[PDB]
Number of protein chains: 4
Amino acid sequence: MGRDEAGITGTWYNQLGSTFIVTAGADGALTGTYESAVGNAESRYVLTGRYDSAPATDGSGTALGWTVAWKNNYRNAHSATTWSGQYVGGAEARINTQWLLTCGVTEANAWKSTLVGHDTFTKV
Amino acid sequence: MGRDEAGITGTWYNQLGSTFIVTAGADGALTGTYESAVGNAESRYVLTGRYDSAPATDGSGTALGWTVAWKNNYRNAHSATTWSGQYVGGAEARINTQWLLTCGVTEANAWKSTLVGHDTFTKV
Amino acid sequence: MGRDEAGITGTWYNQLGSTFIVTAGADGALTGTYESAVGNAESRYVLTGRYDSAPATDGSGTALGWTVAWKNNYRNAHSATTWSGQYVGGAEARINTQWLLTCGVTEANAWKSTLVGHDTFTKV
Amino acid sequence: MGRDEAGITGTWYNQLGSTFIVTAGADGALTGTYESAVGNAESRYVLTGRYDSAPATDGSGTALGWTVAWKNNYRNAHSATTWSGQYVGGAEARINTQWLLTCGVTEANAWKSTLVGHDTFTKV
Ligand SMILES: O=C(CCCC[C@@H]1SC[C@@H]2NC(=O)N[C@@H]21)NCCCN(CCc1ccccn1)CCc1ccccn1
Ligand SMILES: O=C(CCCC[C@@H]1SC[C@@H]2NC(=O)N[C@@H]21)NCCCN(CCc1ccccn1)CCc1ccccn1
Ligand SMILES: O=C(CCCC[C@@H]1SC[C@@H]2NC(=O)N[C@@H]21)NCCCN(CCc1ccccn1)CCc1ccccn1
Ligand SMILES: O=C(CCCC[C@@H]1SC[C@@H]2NC(=O)N[C@@H]21)NCCCN(CCc1ccccn1)CCc1ccccn1
Ligand SMILES: [Cu+2]
Ligand SMILES: [Cu+2]
Ligand SMILES: [Cu+2]
Ligand SMILES: [Cu+2]
Ligand SMILES: [Cu+2]
Ligand SMILES: [Cu+2]
Ligand SMILES: [Cu+2]
Ligand SMILES: [Cu+2]
Ligand SMILES: [Cu+2]
Ligand SMILES: [Cu+2]
Ligand SMILES: [Cu+2]
Ligand SMILES: [Cu+2]
Ligand SMILES: [Cu+2]
Ligand SMILES: [Cu+2]
Ligand SMILES: [Cu+2]
Ligand SMILES: [Cu+2]
């Protein structure tokens with residue numbers, strides 16, 4: 001199995017109150033759903049990503065990333081967010097991320113297409 | 001089908017000479033392989049992502065994103081990159097992205113865990 | 001005077017234990033010194049920046065930014081960090097930032113020149 | 001003098017058609033004005049920043065950064081941009097940057113406060 005397959009798989013919550021439901025596969029896959037507490041979003045969106053299934057054993061975190069395109073059966077916000085970060089195990093397990101949200105825009109507006117931020121996910 | 005299913009599917013090349021091989025599914029999925037011309041990487045890595053399969057029709061680009069975890073059968077760089085951007089169709093089709101590369105690090109080094117950059121992909 | 005001239009001027013501390021000493025001028029200027037608890041840095045470095053001296057009065061934060069080039073009389077790390085963020089007044093005043101650290105590198109290494117992160121500064 | 005004092009001082013133009021007028025001081029200071037071809041901006045804005053006045057001599061670029069707060073006598077966009085990058089000398093001298101634009105927002109909107117992008121400046 002991936003070293004942190006069981007540690008990563010499950011339900012996570014960020015500081016905005018969003019809900020990140022993920023399954024980590026033995027092959028390095030991340031699959032699941034994302035529900036954002038903010039923005040032009042309602043209900044669950046498909047996500048997919050990858051993680052390092054054989055991380056270092058020196059106390060370093062486990063690198064990972066995932067994408068949500070903000071289209072589902074309810075809404076289409078013509079945008080996608082990618083989260084890049086690491087899982088940190090332990091009693092207070094965390095996934096610490098930085099993210100890039102890109103909106104589909106015309107070429108004249110490309111300069112203002114991308115938001116950057118940071119989300120921390122916990123199991124509680 | 002996704003509006004830009006055929007436009008996105010195929011082989012793309014960025015300004016570093018890296019090769020991005022992707023299939024866009026009707027459901028919004030991106031699957032394929034990435035081969036980086038630079039860094040701690042050799043041969044192909046699995047990628048997965050998402051794209052807006054019903055973009056706006058006002059000339060705006062098509063938002064998308066994908067992730068590579070830098071582990072394959074040859075090397076493990078304990079890191080993952082996410083690319084966030086948009087596909088722009090036309091005679092000179094492009095995927096314009098910004099990216100976040102996170103390395104698995106100890107908590108004392110978390111402040112220096114993440115690189116940011118920008119890649120432009122073309123069909124030639 | 002700037003609306004938050006007095007609120008911004010003073011000594012601030014971030015989550016790494018770094019010390020940000022700043023004077024906000026009536027004209028929108030920020031001047032002062034930065035001392036980083038981490039990285040290739042020792043003692044104080046010159047900083048300069050700008051802030052919105054007439055912010056909105058609807059509860060929004062006060063936008064600002066500053067730069068440190070990491071050369072002083074002790075060390076030269078051939079790099080510069082810019083912090084971009086906002087000051088949020090109140091009992092628990094904060095400056096919330098995201099930052100970009102660029103290292104001087106050869107053109108072959110330009111893709112790995114820039115780190116991104118986020119620092120929160122408090123008065124305690 | 002700074003190694004690239006003369007190389008940096010002058011008028012620069014980016015890919016959007018914006019105009020960056022800068023003087024590099026022997027002490028590492030950057031001062032000047034910025035005029036953006038895009039966004040909520042008109043005429044010139046004050047800028048200030050820092051650069052490495054004693055860069056490496058191995059062909060590496062010269063790290064630098066600067067800030068503009070988007071208030072002048074004509075408009076106040078309640079925002080600030082920081083550019084972080086490097087100057088690359090030679091026949092086709094360039095300043096390659098990544099930038100963070102933060103808007104002053106209420107705490108409920110802090111997640112969408114910051115844009116990220118990249119500008120390349122040339123002498124022509
Ligand atoms: O909301 C969305 C989809 C939901 C995004 C939720 C984000 S993911 C990163 C973060 N972690 C999280 O848990 N939740 C948030 N996609 C278009 C994102 C439009 N803006 C923001 C909201 C909005 C809704 C309606 C009308 C205008 N805005 C982005 C701001 C912006 C920046 C630059 C130019 C123009 N607009
Ligand atoms: O290379 C990797 C995997 C390959 C990454 C390729 C990147 S994806 C974004 C971009 N688009 C692309 O087409 N190609 C590049 N993963 C660890 C990334 C270590 N550094 C860089 C190289 C290196 C190799 C060996 C030893 C040291 N470095 C990152 C620099 C850094 C930043 C902060 C702290 C420490 N190190
Ligand atoms: O430390 C510096 C100057 C100090 C930087 C302090 C940072 S500002 C943002 C943050 N807020 C803060 O309060 N403190 C930190 N400038 C070169 C920054 C080299 N690396 C990190 C340390 C290091 C010291 C010696 C040898 C190798 N590293 C950056 C990692 C990197 C990324 C990509 C490619 C290569 N390296
Ligand atoms: O324009 C400004 C000041 C000018 C900014 C110019 C930028 S600096 C980086 C770049 N290099 C350059 O040469 N030129 C551009 N400051 C508020 C920036 C509001 N948005 C964009 C324009 C706008 C004008 C009026 C109404 C709405 N927009 C930012 C988009 C955004 C993102 C997230 C949430 C909400 N909005
Ligand atoms: Cu290893
Ligand atoms: Cu973080
Ligand atoms: Cu948007
Ligand atoms: Cu705006
Ligand atoms: Cu639509
Ligand atoms: Cu771009
Ligand atoms: Cu690394
Ligand atoms: Cu380093
Ligand atoms: Cu106003
Ligand atoms: Cu922040
Ligand atoms: Cu460095
Ligand atoms: Cu490295
Ligand atoms: Cu040196
Ligand atoms: Cu760049
Ligand atoms: Cu804004
Ligand atoms: Cu918006």
# chains A, B, ... in the order shown; residues from 1 in each chain; ligands from 1

$ residues_around --residues "residue 76 of chain A" --least-positions-apart "3" --cutoff "12 Å" --atoms "only C-alpha atoms" --output "list in words"
residues 39, 40, 41, 42, 43, 45, 68, 69, 70, 71, 72, 73, 79, 80, 103 and 104 of chain A; 28, 51, 52, 53, 54, 55, 56, 62 and 63 of chain B

$ residues_around --residues "residue 91 of chain A" --least-positions-apart "4" --cutoff "12 Å" --atoms "only C-alpha atoms" --output "number ranges by chain"
A: 7, 122-124

$ residues_near_ligand --ligand "ligand 15" --cutoff "9 Å" --atoms "only C-alpha atoms and all ligand atoms" --output "PyMOL selection string"
chain C and resi 77-79+101-105+112-115

$ atom_distance --atom1 "atom CA of residue 111 of chain C" --atom2 "atom 15 (C, counted along the ligand's line) of ligand 2"
6.5 Å

$ closest_residue --among "D:85, D:95, D:35, D:108" --to "chain B" --atoms "only C-alpha atoms"
D:85

$ atom_distance --atom1 "atom 1 (Cu, counted along the ligand's line) of ligand 12" --atom2 "atom CA of residue 116 of chain B"
14.0 Å

$ closest_residue --among "B:120, B:92, B:23, B:60" --to "ligand 7" --atoms "only C-alpha atoms and all ligand atoms"
B:60

$ closest_residue --among "D:37, D:89, D:94, D:12" --to "chain A" --atoms "only C-alpha atoms"
D:37

$ select_by_dssp --residues "segment 55-95 of chain D" --states "strand (DSSP E)" --output "number ranges by chain"
D: 62-71, 76-88, 94-95

$ closest_residue --among "A:96, A:82, A:57, A:14" --to "chain B" --atoms "only C-alpha atoms"
A:82

$ interface_residues --of "chain C" --to "chain A" --cutoff "9 Å" --atoms "only C-alpha atoms" --output "PyMOL selection string"
chain C and resi 98+116-118

$ closest_residue --among "A:11, A:86, A:109, A:48" --to "ligand 1" --atoms "only C-alpha atoms and all ligand atoms"
A:109

$ residues_around --residues "residue 30 of chain A" --least-positions-apart "3" --cutoff "10 Å" --atoms "only C-alpha atoms" --output "PyMOL selection string"
(chain A and resi 5+8-9+21-27+47-51+64-67) or (chain B and resi 48)

$ atom_distance --atom1 "atom CA of residue 59 of chain D" --atom2 "atom 2 (C, counted along the ligand's line) of ligand 2"
22.9 Å

$ select_by_dssp --residues "chain C" --states "helix (DSSP H, G or I)" --output "NGL selection string"
:C and (5-8 or 107-112)

$ decode --residues "segment 21-50 of chain D" --atoms "N, CA, C and O atoms" --output "CSV table (one decimal), in the first residue's frame"
chain,number,residue,atom,x,y,z
D,21,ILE,N,9.5,52.9,-14.8
D,21,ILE,CA,10.5,53.9,-14.8
D,21,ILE,C,11.2,53.8,-13.5
D,21,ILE,O,10.6,53.9,-12.4
D,22,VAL,N,12.5,53.4,-13.5
D,22,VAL,CA,13.2,53.1,-12.2
D,22,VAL,C,14.6,53.7,-12.2
D,22,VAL,O,15.3,53.7,-13.2
D,23,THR,N,15.0,54.1,-11.0
D,23,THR,CA,16.4,54.4,-10.7
D,23,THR,C,16.9,53.5,-9.7
D,23,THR,O,16.3,53.3,-8.6
D,24,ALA,N,18.1,52.9,-10.0
D,24,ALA,CA,18.7,52.0,-9.0
D,24,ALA,C,19.8,52.7,-8.3
D,24,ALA,O,20.7,53.3,-9.0
D,25,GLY,N,19.8,52.8,-7.0
D,25,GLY,CA,20.8,53.5,-6.2
D,25,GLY,C,22.0,52.6,-5.9
D,25,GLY,O,21.9,51.3,-5.9
D,26,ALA,N,23.1,53.2,-5.6
D,26,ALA,CA,24.3,52.4,-5.2
D,26,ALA,C,24.1,51.6,-3.9
D,26,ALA,O,24.7,50.6,-3.7
D,27,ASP,N,23.1,52.0,-3.1
D,27,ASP,CA,22.8,51.4,-1.8
D,27,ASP,C,21.8,50.2,-1.9
D,27,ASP,O,21.5,49.6,-0.9
D,28,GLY,N,21.4,49.8,-3.1
D,28,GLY,CA,20.4,48.8,-3.3
D,28,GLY,C,19.0,49.3,-3.5
D,28,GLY,O,18.1,48.5,-3.6
D,29,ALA,N,18.7,50.6,-3.5
D,29,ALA,CA,17.4,51.1,-3.6
D,29,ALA,C,16.9,51.1,-5.0
D,29,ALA,O,17.7,51.3,-6.0
D,30,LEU,N,15.6,50.9,-5.2
D,30,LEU,CA,14.9,51.1,-6.4
D,30,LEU,C,13.8,52.2,-6.1
D,30,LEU,O,13.0,52.0,-5.2
D,31,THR,N,13.7,53.2,-7.0
D,31,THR,CA,12.7,54.2,-6.9
D,31,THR,C,12.2,54.5,-8.3
D,31,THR,O,12.9,54.3,-9.3
D,32,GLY,N,11.0,54.9,-8.4
D,32,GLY,CA,10.5,55.4,-9.7
D,32,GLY,C,9.0,55.4,-9.8
D,32,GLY,O,8.3,55.7,-8.8
D,33,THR,N,8.5,55.2,-11.0
D,33,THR,CA,7.0,55.2,-11.2
D,33,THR,C,6.6,54.1,-12.1
D,33,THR,O,7.4,53.5,-12.9
D,34,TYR,N,5.3,53.7,-12.0
D,34,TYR,CA,4.8,52.6,-12.8
D,34,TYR,C,3.5,53.1,-13.4
D,34,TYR,O,2.7,53.8,-12.7
D,35,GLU,N,3.3,52.8,-14.7
D,35,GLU,CA,2.0,53.1,-15.4
D,35,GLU,C,1.5,51.8,-16.0
D,35,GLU,O,2.2,51.3,-16.8
D,36,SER,N,0.3,51.4,-15.6
D,36,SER,CA,-0.2,50.1,-16.0
D,36,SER,C,-1.1,50.4,-17.2
D,36,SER,O,-2.0,51.3,-17.2
D,37,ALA,N,-0.9,49.6,-18.3
D,37,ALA,CA,-1.8,49.6,-19.4
D,37,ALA,C,-3.1,48.9,-19.2
D,37,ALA,O,-4.0,49.1,-20.0
D,38,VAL,N,-3.3,48.3,-18.0
D,38,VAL,CA,-4.5,47.5,-17.8
D,38,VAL,C,-5.0,47.7,-16.3
D,38,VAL,O,-4.2,48.2,-15.5
D,39,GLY,N,-6.2,47.4,-16.1
D,39,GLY,CA,-6.7,47.4,-14.7
D,39,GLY,C,-7.3,48.8,-14.3
D,39,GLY,O,-7.4,49.7,-15.1
D,40,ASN,N,-7.5,48.9,-13.0
D,40,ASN,CA,-8.1,50.1,-12.4
D,40,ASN,C,-6.9,51.1,-12.1
D,40,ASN,O,-6.5,51.2,-10.9
D,41,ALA,N,-6.4,51.7,-13.1
D,41,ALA,CA,-5.2,52.5,-13.0
D,41,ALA,C,-5.2,53.5,-14.1
D,41,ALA,O,-5.6,53.3,-15.2
D,42,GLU,N,-4.7,54.7,-13.8
D,42,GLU,CA,-4.4,55.8,-14.8
D,42,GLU,C,-3.2,56.6,-14.3
D,42,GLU,O,-3.1,56.9,-13.2
D,43,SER,N,-2.4,56.9,-15.3
D,43,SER,CA,-1.2,57.7,-15.1
D,43,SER,C,-0.2,57.0,-14.2
D,43,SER,O,-0.2,55.7,-14.1
D,44,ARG,N,0.7,57.7,-13.6
D,44,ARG,CA,1.8,57.1,-12.9
D,44,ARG,C,1.5,56.9,-11.4
D,44,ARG,O,0.9,57.8,-10.8
D,45,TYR,N,2.1,55.8,-10.9
D,45,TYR,CA,2.1,55.5,-9.5
D,45,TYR,C,3.5,55.4,-8.9
D,45,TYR,O,4.4,54.9,-9.6
D,46,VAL,N,3.7,55.8,-7.7
D,46,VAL,CA,5.0,55.7,-7.0
D,46,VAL,C,5.3,54.2,-6.8
D,46,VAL,O,4.5,53.4,-6.5
D,47,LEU,N,6.6,53.9,-7.1
D,47,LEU,CA,7.1,52.6,-6.7
D,47,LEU,C,8.4,52.7,-5.9
D,47,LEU,O,9.1,53.6,-6.0
D,48,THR,N,8.6,51.7,-5.1
D,48,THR,CA,9.9,51.6,-4.4
D,48,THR,C,10.2,50.1,-4.2
D,48,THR,O,9.3,49.3,-4.1
D,49,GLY,N,11.5,49.8,-4.2
D,49,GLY,CA,11.9,48.4,-4.1
D,49,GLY,C,13.4,48.3,-3.7
D,49,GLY,O,14.0,49.3,-3.3
D,50,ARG,N,13.9,47.1,-3.9
D,50,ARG,CA,15.3,46.8,-3.6
D,50,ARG,C,15.9,45.9,-4.6
D,50,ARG,O,15.1,45.0,-5.2
